[PDB]
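Enquirer: Handing you a structure now.
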Amino acid sequence: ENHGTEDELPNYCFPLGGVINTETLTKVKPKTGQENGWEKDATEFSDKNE
Amino acid sequence: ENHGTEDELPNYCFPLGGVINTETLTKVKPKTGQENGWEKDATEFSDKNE
Amino acid sequence: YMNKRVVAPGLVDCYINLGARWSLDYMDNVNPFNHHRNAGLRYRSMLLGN
């Protein structure tokens, strides 16, 4: 009785670590006196976040 | 009743777009009577085709 | 209309009334026989042919 399959919803496989295609980023903070300035923020957070 | 599992066929999970590992390639026309020669195409076919 | 109307899965997702032998109040008054699992309906529809 080939009634077909109930597969409306997609089903997905996922990386074991939640995500793997990350990339290195450096925290920055707005500059004082410049409406659109920024500086490196290495003082508090490690500059190699992913 | 360890009756066993019916798993004859392989079961596969695929990338969301279906294709991932592509390589950029460019279109090429045959040379006009130059012994199976070839020449790059510029007929509004993208030089970067995946 | 009934086939192109999209219903958000969040209404009846897996985390609904866990452990509760319940019926969704919306479906209390909705006809349950008009369902594609209706065994007699399946039997007749297949009996006349696919």
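For the structure tokens, the naming scheme is as follows: chains receive sequential letters (A, B, ...) according to their order of presentation, residues are indexed from 1 within each chain, and ligands are indexed from 1 in presentation order.
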Per residue of chain C within 9 Å of chain A, what are the shortest atom pair and its distance in Å to one decimal, counting only C-alpha atoms, with rows by chain and residue number, as a tab-separated table?
Expert:
```
residue	atom	partner	partner_atom	distance
C:9	CA	A:9	CA	8.9
C:42	CA	A:3	CA	8.9
C:46	CA	A:1	CA	8.4
```
Enquirer: At a cut-off of 12 Å, which residues of chain A touch chain B? Count only C-alpha atoms and give the answer as number ranges by chain.
Expert: A: 10-14
Enquirer: Would you export the selected residues with N, CA, C and O atoms as a PDB file, in the first residue's frame, please?
Expert:
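New file part39.pdb:
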```pdb
ATOM      1  N   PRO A  10      11.905  19.356   6.475  1.00  0.00           N
ATOM      2  CA  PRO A  10      13.287  18.940   6.243  1.00  0.00           C
ATOM      3  C   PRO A  10      13.908  18.401   7.517  1.00  0.00           C
ATOM      4  O   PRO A  10      13.558  18.805   8.627  1.00  0.00           O
ATOM      5  N   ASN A  11      14.844  17.474   7.346  1.00  0.00           N
ATOM      6  CA  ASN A  11      15.618  16.915   8.445  1.00  0.00           C
ATOM      7  C   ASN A  11      17.093  17.106   8.132  1.00  0.00           C
ATOM      8  O   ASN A  11      17.532  16.814   7.016  1.00  0.00           O
ATOM      9  N   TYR A  12      17.853  17.597   9.106  1.00  0.00           N
ATOM     10  CA  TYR A  12      19.204  18.064   8.846  1.00  0.00           C
ATOM     11  C   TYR A  12      20.213  17.383   9.756  1.00  0.00           C
ATOM     12  O   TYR A  12      19.913  17.039  10.902  1.00  0.00           O
ATOM     13  N   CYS A  13      21.418  17.202   9.227  1.00  0.00           N
ATOM     14  CA  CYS A  13      22.582  16.787   9.996  1.00  0.00           C
ATOM     15  C   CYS A  13      23.403  18.026  10.317  1.00  0.00           C
ATOM     16  O   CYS A  13      23.450  18.964   9.516  1.00  0.00           O
ATOM     17  N   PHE A  14      24.043  18.034  11.477  1.00  0.00           N
ATOM     18  CA  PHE A  14      24.720  19.228  11.945  1.00  0.00           C
ATOM     19  C   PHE A  14      26.121  18.923  12.446  1.00  0.00           C
ATOM     20  O   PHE A  14      26.416  17.797  12.858  1.00  0.00           O
TER      21      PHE A  14
END
```
Enquirer: Please extract the residues of chain B with a backbone DSSP assignment of strand (DSSP E) and present them as a list in words.
Expert: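 Taking chain B and keeping strand (DSSP E) only, one gets residues 28, 29, 30, 38, 39 and 40 of chain B.
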Enquirer: Quick one: distance from CA of residue 46 in chain A to CA of residue 22 in chain A in Å, one decimal?
Expert: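 Computing it gives 15.8 Å between the two atoms.
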Enquirer: Which of these, A:4, A:23, A:28, A:37, has the shortest distance to residue 49 in chain A once you count only C-alpha atoms?
Expert: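 Using only C-alpha atoms, residue 49 in chain A sits closest to A:23.
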Enquirer: In Å, rounded to a single decimal, give me how far CA of residue 7 in chain A is from CA of residue 24 in chain C.
Expert: 22.2 Å
Enquirer: Just how far from CA of residue 7 in chain C is CA of residue 8 in chain A, in Å to one decimal?
Expert: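 Spanning CA of residue 8 in chain A to CA of residue 7 in chain C is a straight-line distance of 11.8 Å.
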Enquirer: Residues of chain C classed as helix (DSSP H, G or I) by DSSP on the backbone are to be reported as an mmCIF file with N, CA, C and O atoms, in the first residue's frame.
Expert:
```cif
data_model
loop_
_atom_site.group_PDB
_atom_site.id
_atom_site.type_symbol
_atom_site.label_atom_id
_atom_site.label_comp_id
_atom_site.auth_asym_id
_atom_site.auth_seq_id
_atom_site.Cartn_x
_atom_site.Cartn_y
_atom_site.Cartn_z
ATOM 1 N N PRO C 9 5.348 25.881 11.987
ATOM 2 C CA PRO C 9 5.511 24.642 12.757
ATOM 3 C C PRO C 9 5.536 24.857 14.253
ATOM 4 O O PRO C 9 5.293 23.902 15.001
ATOM 5 N N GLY C 10 5.815 26.074 14.716
ATOM 6 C CA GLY C 10 5.958 26.312 16.141
ATOM 7 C C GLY C 10 4.704 26.056 16.943
ATOM 8 O O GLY C 10 4.784 25.887 18.162
ATOM 9 N N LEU C 11 3.543 26.030 16.288
ATOM 10 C CA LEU C 11 2.303 25.781 17.010
ATOM 11 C C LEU C 11 2.270 24.376 17.590
ATOM 12 O O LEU C 11 1.909 24.190 18.757
ATOM 13 N N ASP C 25 -7.031 22.357 21.658
ATOM 14 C CA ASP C 25 -8.376 22.915 21.723
ATOM 15 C C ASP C 25 -8.866 23.339 20.349
ATOM 16 O O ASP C 25 -10.064 23.266 20.058
ATOM 17 N N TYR C 26 -7.951 23.775 19.484
ATOM 18 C CA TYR C 26 -8.341 24.146 18.131
ATOM 19 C C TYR C 26 -8.921 22.952 17.389
ATOM 20 O O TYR C 26 -9.905 23.079 16.654
ATOM 21 N N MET C 27 -8.324 21.782 17.573
ATOM 22 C CA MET C 27 -8.762 20.577 16.888
ATOM 23 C C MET C 27 -9.926 19.888 17.584
ATOM 24 O O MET C 27 -10.413 18.872 17.081
ATOM 25 N N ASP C 28 -10.375 20.403 18.728
ATOM 26 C CA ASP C 28 -11.507 19.792 19.414
ATOM 27 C C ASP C 28 -12.767 19.855 18.562
ATOM 28 O O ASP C 28 -13.515 18.878 18.472
ATOM 29 N N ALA C 39 -8.844 5.390 7.788
ATOM 30 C CA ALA C 39 -8.569 4.059 7.255
ATOM 31 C C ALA C 39 -9.592 3.647 6.209
ATOM 32 O O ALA C 39 -9.225 3.190 5.123
ATOM 33 N N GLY C 40 -10.880 3.797 6.513
ATOM 34 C CA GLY C 40 -11.896 3.455 5.533
ATOM 35 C C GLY C 40 -11.803 4.317 4.290
ATOM 36 O O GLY C 40 -11.999 3.836 3.169
ATOM 37 N N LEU C 41 -11.505 5.602 4.472
ATOM 38 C CA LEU C 41 -11.324 6.479 3.326
ATOM 39 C C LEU C 41 -10.134 6.041 2.487
ATOM 40 O O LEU C 41 -10.207 6.022 1.254
ATOM 41 N N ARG C 42 -9.028 5.676 3.141
ATOM 42 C CA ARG C 42 -7.885 5.139 2.414
ATOM 43 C C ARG C 42 -8.286 3.911 1.620
ATOM 44 O O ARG C 42 -7.947 3.774 0.438
ATOM 45 N N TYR C 43 -9.000 2.994 2.269
ATOM 46 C CA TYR C 43 -9.360 1.744 1.624
ATOM 47 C C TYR C 43 -10.214 1.995 0.396
ATOM 48 O O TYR C 43 -9.965 1.417 -0.664
ATOM 49 N N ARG C 44 -11.212 2.870 0.507
ATOM 50 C CA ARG C 44 -12.060 3.139 -0.648
ATOM 51 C C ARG C 44 -11.288 3.840 -1.756
ATOM 52 O O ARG C 44 -11.405 3.470 -2.933
ATOM 53 N N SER C 45 -10.482 4.845 -1.407
ATOM 54 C CA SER C 45 -9.763 5.588 -2.433
ATOM 55 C C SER C 45 -8.807 4.688 -3.192
ATOM 56 O O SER C 45 -8.680 4.797 -4.415
ATOM 57 N N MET C 46 -8.120 3.795 -2.486
ATOM 58 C CA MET C 46 -7.265 2.838 -3.166
ATOM 59 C C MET C 46 -8.060 1.793 -3.931
ATOM 60 O O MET C 46 -7.640 1.391 -5.020
ATOM 61 N N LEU C 47 -9.201 1.364 -3.397
ATOM 62 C CA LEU C 47 -9.995 0.340 -4.058
ATOM 63 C C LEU C 47 -10.487 0.815 -5.414
ATOM 64 O O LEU C 47 -10.477 0.050 -6.384
ATOM 65 N N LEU C 48 -10.920 2.071 -5.508
ATOM 66 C CA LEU C 48 -11.334 2.580 -6.812
ATOM 67 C C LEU C 48 -10.144 2.751 -7.743
ATOM 68 O O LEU C 48 -10.314 2.852 -8.962
#
```
